[PDB]
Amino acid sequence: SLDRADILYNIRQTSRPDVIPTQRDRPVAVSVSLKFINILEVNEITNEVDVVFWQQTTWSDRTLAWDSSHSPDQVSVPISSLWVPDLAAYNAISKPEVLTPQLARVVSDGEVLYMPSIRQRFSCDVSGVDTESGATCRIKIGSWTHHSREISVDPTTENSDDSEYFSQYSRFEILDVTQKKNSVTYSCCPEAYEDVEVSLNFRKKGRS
């Protein structure tokens, strides 16, 4: 039997945080799912939104796996000990302000879950925010330097209510969230980069 200290030690022995854990020459399947918590500061003039969301990020790194027979099957681990996907919001206009402890969960099979609460500002369509049908702000997230042969990005469609963790005290409300998968090619390169496009359909709440 190993304790949590032994597991963490074994992870720091086999984890190479600067090396993508591809198996075969297959891409690492990264899942990304936003859970919007708040919409803080909207500007229809400048098409800018300030949003708080939980970024559900899962992937597998088999280098972290251990025997969990008579031992715990999960640990919390600082992300600086692990390879993490180099996700970027393509239409972000501020750095991500990470509000939560920078720890990820690692399961004994090597499945990793990182879920930071992030506050960030985006350039996106705010038109119609004060109308009844709302604005639809599209947020694009994928790897910054890993193309499709290295990272696949995919949404996990089991939306635990679009507006489930969303603050009831926002001035805004969510009408709909659709998370569609997408790709882009840049003439720099022959390569394509996978992204999740997250469409946030929201509006200012009416008054009685």
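Don't overthink the numbering: it's just position in the shown sequence, from 1.
Asker: Going by the mean C-alpha B-factor recorded in the entry, which is higher: 108-116 or 94-102?
Answerer: On average, C-alpha B-factors are higher across 108-116.
Asker: If you average the CA temperature factors as listed in the entry, which stretch comes out higher, 71-79 or 133-141?
Answerer: The stretch with the larger average C-alpha B-factor is 71-79.
Asker: In this PDB entry, which of 150, 161, 50, 44 has the top CA B-factor?
Answerer: Highest C-alpha B-factor among the listed residues goes to 161.
Asker: Considering only 58, 183, 33, 38, which residue's Cα atom bears the greatest B-factor as recorded?
Answerer: Most elevated C-alpha B-factor of the set, per the entry: 183.
Asker: Which third, lowest, middle or highest, does the CA B-factor of residue 54 fall in along this chain?
Answerer: Tercile = lowest for this residue's CA B-factor.
Asker: Which third of the chain holds residue 189 when residues are ordered by C-alpha B factor: lowest, middle or highest?
Answerer: It belongs to the highest third of the chain when residues are ordered by C-alpha B-factor.
Asker: Sorting by Cα B-factor within the chain, modelled residues only, which third would residue 11 end up in: lowest, middle or highest?
Answerer: CA B-factor rank for residue 11: highest third.
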